[PDB]
Amino acid sequence: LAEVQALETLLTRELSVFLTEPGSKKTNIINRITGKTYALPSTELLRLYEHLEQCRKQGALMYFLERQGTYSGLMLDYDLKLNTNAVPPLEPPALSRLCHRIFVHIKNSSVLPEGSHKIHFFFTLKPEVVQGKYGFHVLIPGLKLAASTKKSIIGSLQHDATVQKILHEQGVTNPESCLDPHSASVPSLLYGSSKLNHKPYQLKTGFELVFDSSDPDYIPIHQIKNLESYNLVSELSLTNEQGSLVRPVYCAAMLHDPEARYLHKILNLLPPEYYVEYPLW
Amino acid sequence: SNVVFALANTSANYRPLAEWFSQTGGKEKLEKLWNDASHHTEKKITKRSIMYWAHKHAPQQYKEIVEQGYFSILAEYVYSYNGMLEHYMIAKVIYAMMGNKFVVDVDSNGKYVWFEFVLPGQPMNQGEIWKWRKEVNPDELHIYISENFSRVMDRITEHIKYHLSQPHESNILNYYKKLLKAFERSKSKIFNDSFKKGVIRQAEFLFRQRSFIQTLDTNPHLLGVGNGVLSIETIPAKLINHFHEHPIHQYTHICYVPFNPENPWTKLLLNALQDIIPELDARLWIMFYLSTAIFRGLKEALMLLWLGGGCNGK
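Below is the structure:
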């Protein structure tokens with residue numbers, strides 16, 4: 021495929037010069053398919069996002085992660101157990117109310133800057149329910165938060181009675197324990213990417229929330245209408261600062297490497313029945 | 322001396338000499361000038377030694393520069409003849425790529441027998457570790473043409489695709505498309521058995537040595553050992569455990585020299601050999617004659633008779 025070939029050329033010929041060592045904090049981008057780690061400057065991050073976006077629109081297999089580090093956008097990872105194997109409705113009013121409640125906790129952290137600011141919420145959903153297991157990500161990529169503040173906001177969100185109600189009325193049986201408390205620290209999948217055993221989450225709905233410190237009781241939340249007009253890998257990225265839709269608002273602060301060849305014996309080192317080993321160890 | 326005998330095969334070796342000894353002082357080795365223009369010498373270390381002079385202190389840049397050379401040779405062969413890759417260009421890249429591991433000679437009956445240098449990450453018999461083994465068919469090269477060289481094949485393909493995905497004119501794009509499709513039809517030919525046999529029979533003329541069988545085990549001071557190559561030029565045993573230019577083929581799979589410790593086995597062997605026959609002023613003639621069997625010839629013509637006794641140490 022042309023756009024995959026283009027991404028391959030960008031990675032090997034050009035971005036190879038930004039390859040980081042294993043466990044290097046400088047790392048912002050992880051390609052879990054090639055097992056490569058990169059520290060991309062903003063210019064080269066954007067070029068990557070243009071290629072990943074073209075690959076996304078053609079349904080290409082991607083497994084890119086961004087590292088959140090100490091100061092970046094907020095991601096909420098919900099792992100739902102459902103009543104049934106039916107995708108829950110999750111219509112705009114429920115998602116709109118979720119945004120409001122998420123914002124109340126952000127505001128209560130006291131780190132928002134004074135003045136008038138737009139922040140965008142994006143809901144990406146697991147494409148199907150598998151054995152009653154369902155998922156969504158809430159991405160607030162533009163709202164640049166300290167890791168410690170994200171952890172605090174996530175702690176508060178787990179105990180939110182209104183959020184638990186919304187999730188319950190959607191058919192969620194684990195509304196108390198569905199929000200991953202490590203949402204603040206885990207590397208976050210780029211839009212169009214997934215674990216190799218899963219399919220990528222799909223953008224259902226995005227919302228624009230405006231807050232004004234002078235008028236704190238007015239918190240307008242509206243659906244974003246022309247989402248398709250933007251580079252979604254770009255806009256949804258927690259570490260991006262050069263989005264068009266998403267403009268930053270700054271808040272107060294495995295080594296065996298088989299390389300697709302040697303792992304085959306791994307596939308037959310599991311179904312030995314060799315638990316008990318008197319001579320067989 | 323090592324590098325000057327290494328690159329003395331070049332007729333214009335004085336320019337690499339002036340390049341190398343232009344670096352603390354030196355001044356052309358105080359104006360030695362190949363020891364004031366010495367004549368030819370014995371078969372010392374060759375060009376194939378220099379890449380083993382490297383790769384032990386700088387492996388990454390050496391690997392990158394040889395990969396770039398491989399890509400350059402294959403790219404000039406592909407661009408010169410649009411997509412057709414016949415036996416000789418593949419043989420030329422293979423000779424540039426494995427030239428320090430394989431040789432071939434015409435030893436006895438006019439047949440081209442191969443000799444492969446072995447590595448510790450290879451299946452040997454018992455003791456072929458750092459010496460040439462005789463082969464009728466280059467099985468390692470047959471695997472290497474299809475496995476390792478295919479990586480250079482996809483590298484050339486990736487470069488062609490990168491040149492195709494460029495803002496050029498229409499005629500350049502059409503030429504690159506024609507080159508890519510002809511190249512893609514010729515890419516699978518490196519897995520064909522007849523093509524690979526032709527590549528081997530063409531590289532038989534390119535991997536030549538012209539003197540390899542003539543000097544195989546000619547010198548007496550180099551000995552085939554199970555752990556590698558044993559040398560007895562100097563007083564300490566060298567025990568060559570690296571790449572070398574010495575073209576020895578025959579070996580002993582059971583010698584396995586652990587230098588010379590003073591462990592229990594050596595102590596009991598010494599107690600077995602001596603303290604049975606009394607000697608005066610440390611007489612040692614008979615077991616000194618037990619030595620010098622690791623030499624070829626040009627020695628004393630003695631003739632020792634051990635006969636005598638029924639169940640003695642004969």
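Chains A and F, in that order, give the protein sequences. Letter by letter, the first sequence follows residues 21 to 273, 294 to 321 in the authors' numbering. Letter by letter, the second sequence follows residues 322 to 344, 352 to 642 in the authors' numbering. The beta-carbon is built from N, C-alpha and C at its ideal position, and this holds for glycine as well.
(message) DSSP has residue 270 of chain A in a bridge; who is on the other side?
(response) Taking the first sequence and counting its residues from 1, the one referred to as residue 270 of chain A is at position 250. Answer by DSSP bridge pairing, in chain order: A:164.
(request) Say whether the region 76 to 86 of chain A touches the region 213 to 222 of chain A, bearing in mind that this needs 3 or more beta-carbon pairs closer than 8 Å, one atom from each stretch. (result) yes
(message) If contacts are defined as beta-carbon pairs under 8 Å, then residue 174 of chain A and residue 199 of chain A qualify, I think. What distance do you get, rounded to the angstrom?
(response) To locate residue 174 of chain A, count along the first sequence from 1; it is residue 154. To locate residue 199 of chain A, count along the first sequence from 1; it is residue 179. Confirmed, Cβ separation roughly 6 Å.
(message) residue 419 of chain F and residue 534 of chain F - do their beta-carbons sit closer together than 9 Å?
(response) As a position in the second sequence, residue 534 of chain F is number 206, starting the count at 1. As a position in the second sequence, residue 419 of chain F is number 91, starting the count at 1. Closer than 9 Å, so yes.
(request) Give the residues of chain A in contact with residue 489 of chain F, contact being defined as C-beta atoms less than 7 Å apart. (result) What you label residue 489 of chain F is simply residue 161 of the second sequence in a count that begins at 1. Under the 7 Å cutoff, chain A gives 25.
(request) Taking only beta carbons into account, state which residues of the region 425 to 436 of chain F come closer than 9 Å to chain D, listed in chain order. (result) Absence of chain D from the displayed structure is noted, the protein chains being A and F.
(message) Assuming residue 149 of chain A and residue 107 of chain A are in contact, meaning their beta carbons sit under 8 Å apart, how far apart are those beta carbons, in whole angstroms?
(response) Here the question's residue 149 of chain A lines up with position 129 in the first sequence. Here the question's residue 107 of chain A lines up with position 87 in the first sequence. With 8 Å as the limit, residue 149 of chain A and residue 107 of chain A qualify as a contact, their Cβ atoms being about 6 Å apart.
(message) Within a Cβ cutoff of 6 Å, which residues of the same chain sit near residue 503 of chain F, ignoring the five residues on either side of it in sequence?
(response) Taking the second sequence and counting its residues from 1, the one referred to as residue 503 of chain F is at position 175. Same-chain partners within the cutoff: there are none.
(request) Classify residue 615 of chain F as buried or exposed, calling it buried when 16 or more other Cβ atoms lie within 10 Å of its own Cβ. (result) For this step, residue 615 of chain F is matched to residue 287 along the second sequence. Classification of residue 615 of chain F: exposed, given that the 10 Å Cβ count is below 16.
(message) Quick check on DSSP: helix, strand or coil for residue 74 of chain A?
(response) Position 54 of the first sequence, counting from 1, holds the residue named residue 74 of chain A. Note: residue 74 of chain A maps to helix in three-state DSSP.
(request) Can you pull the chain F residues whose beta carbon is under 8 Å from the beta carbon of residue 33 of chain A, in chain order? (result) Reading the first sequence from its first residue, position 13 is the one you call residue 33 of chain A. The answer, in chain order, is 490.
(request) Measure from the alpha carbon of residue 640 of chain F to the alpha carbon of each residue in F:625, F:630, F:621 and F:604, then state which is nearest. (result) Looking up residue 640 of chain F in the second sequence gives position 312. That would be F:604, whose Cα lies nearest to the Cα of residue 640 of chain F.
(request) Would you mind listing the beta strand (DSSP E) stretches within the region 102 to 188 of chain A that are 3+ residues and don't spill past its ends, in chain order? (result) 136 to 145 and 153 to 166
(request) Give the range of the alpha helix (DSSP H) segment to which residue 192 of chain A is assigned. (result) As a position in the first sequence, residue 192 of chain A is number 172, starting the count at 1. Element bounds for residue 192 of chain A: n/a, residue is neither H nor E.
(request) Please check if any C-beta of chain A sits within less than 9 Å of the C-beta of residue 498 of chain F. (result) In the second sequence, residue 498 of chain F corresponds to position 170, counting from 1. No, because no Cβ of chain A sits closer than 9 Å to the Cβ of residue 498 of chain F.
(message) Counting only Cβ pairs nearer than 9 Å, list the residues of chain A close to residue 493 of chain F.
(response) Working through the second sequence from its first residue, we reach residue 493 of chain F at position 165. Here the neighbours are 22, 25, 26 and 29.
(message) Check whether chain A comes within 9 Å of residue 356 of chain F, counting only Cβ atoms and requiring the distance to be less than that.
(response) Stepping through the second sequence from its first residue, residue 356 of chain F is reached at position 28. Chain A, which has no Cβ nearer than 9 Å to the Cβ of residue 356 of chain F, makes this no.
(message) Could you compute how far the alpha carbon of residue 349 of chain F sits from the alpha carbon of residue 461 of chain F?
(response) Residue 349 of chain F cannot be located in this model; chain F continues from 344 straight on to 352.
(request) State the beta-bridge partners of residue 243 of chain A as determined by DSSP. (result) Residue numbering aside, residue 243 of chain A sits at position 223 when the first sequence is read from its first letter. Bridge partners of residue 243 of chain A: A:227.
(message) Which residue marks the beginning of the beta strand (DSSP E) containing residue 558 of chain F, and which one marks its end?
(response) Here residue 558 of chain F refers to the residue found at position 230 of the second sequence. Segment 556 to 559, the beta strand (DSSP E) holding residue 558 of chain F.
(request) Round the Cβ separation of residue 531 of chain F and residue 422 of chain F to the nearest angstrom and send it over; I've been treating them as touching at under 8 Å. (result) By one-based count along the second sequence, residue 531 of chain F stands at place 203. By one-based count along the second sequence, residue 422 of chain F stands at place 94. Going by Cβ atoms, the distance from residue 531 of chain F to residue 422 of chain F rounds to 6 Å, so yes, they are a contact pair.
(request) Measure how close the beta-carbons of residue 443 of chain F and residue 463 of chain F come, nearest whole angstrom, since I'm counting them as under 8 Å. (result) Here residue 443 of chain F is taken as the residue at index 115 of the second sequence, counted from 1. Here residue 463 of chain F is taken as the residue at index 135 of the second sequence, counted from 1. 7 Å between Cβ atoms; contact.
(message) Checking 9 Å against the spacing of the C-beta atoms, do residue 472 of chain F and residue 417 of chain F come in under that value?
(response) To locate residue 472 of chain F, count along the second sequence from 1; it is residue 144. To locate residue 417 of chain F, count along the second sequence from 1; it is residue 89. Contact: no.
(request) Report buried or exposed for residue 97 of chain A, applying the criterion of at least 16 other Cβ atoms within 10 angstroms of its Cβ. (result) Along the first sequence, one-based indexing puts residue 97 of chain A at 77. Burial call: buried.
(request) May I ask which residues mark the beginning and end of the beta strand (DSSP E) holding residue 57 of chain A? (result) The residue given as residue 57 of chain A occupies position 37 in the first sequence. Element bounds for residue 57 of chain A: 56 to 58.
(message) Beta-carbon within less than 6 Å of residue 154 of chain A's beta-carbon, same chain only, minus the 5 sequence neighbours each way: which residues are those?
(response) Within the first sequence, numbered from 1, the residue matching residue 154 of chain A stands at position 134. Around residue 154 of chain A: 100, 102 and 146.
(request) For the alpha helix (DSSP H) holding residue 323 of chain F, just list the boundary residues, first then last. (result) Stepping through the second sequence from its first residue, residue 323 of chain F is reached at position 2. Run containing residue 323 of chain F: 323 to 327, per the alpha helix (DSSP H) assignment.
(message) I'd like to know whether the C-beta of residue 486 of chain F is nearer than 9 Å to at least one C-beta of chain A.
(response) Counting from one through the second sequence, the residue named residue 486 of chain F turns up at place 158. Judged by the 9 Å Cβ criterion, residue 486 of chain F is in contact with chain A.
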